[PDB]
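J.: Please find the sequence and an experimentally derived structure below.
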Amino acid sequence: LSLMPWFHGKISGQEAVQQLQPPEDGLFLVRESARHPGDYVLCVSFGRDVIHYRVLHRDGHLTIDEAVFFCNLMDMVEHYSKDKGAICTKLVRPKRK
């Protein structure tokens, strides 16, 4: 996870929105949640906006939609790069840190 190009660690929501400019559909990053210790936020550029998804923990697993769960963030990002599922658009380019 420390080696993931899309993982920006402890950056704020405002810093994440600034990182995802100029808008590019599917441009994305993952950050750590400050208000929810241990949780994450997946930030994705869509329709010139930045959409934020809280990544929750359920039974040790990770989830955005509480329908599909993953063991780790890497499997979650690989999934949402193949099909958008519950999120607005597929993950395409990782915004590098």
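T.: Alright, I've got the coordinates. Residues are numbered from 1 along each chain as shown.

J.: Could you measure from residue 35 over to residue 13?
T.: Relative to residue 13, residue 35 is positioned 10 Å away (C-beta to C-beta, to the nearest Å). Placement of C-beta: from N, CA and C, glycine included.

J.: shared neighbours of these two, anything?
T.: Here residue 35 and residue 13 have no joint contacts, going by C-beta atoms under 8 Å, 6 or more residues apart in numbering.

J.: and residue 85, helix, strand or coil?
T.: Secondary structure, DSSP: H, G, I helix; E, B strand; the rest coil: residue 85 is coil.

J.: pretty sure it contacts residue 65?
T.: Yes. The criterion here is C-beta atoms under 8 Å, and residue 85 meets it with residue 65 at 6.8 Å.

J.: can you name the farthest residue from the center of the protein?
T.: residue 59 (19.7 Å; C-alpha atoms, centre = their mean).

J.: Comparing residue 35 and residue 13, which residue is more hemmed in?
T.: residue 13 (15 against 8; other C-beta atoms under 10 Å).

J.: any idea which element the most centrally placed residue in the chain lies in?
T.: In the chain, the residue lying closest to the centroid (C-alpha atoms, centre = their mean) is residue 42, at 1.9 Å. Here residue 42, judged by DSSP states H and E, is contained in strand 40-46.

J.: Sort out which residues of that strand are buried, please.
T.: 40-46 (16 or more other C-beta atoms under 10 Å).

J.: now, among the residues you listed, which is nearest to residue 72?
T.: The shortest approach to residue 72 among these belongs to residue 40, at 10.7 Å (C-beta to C-beta).
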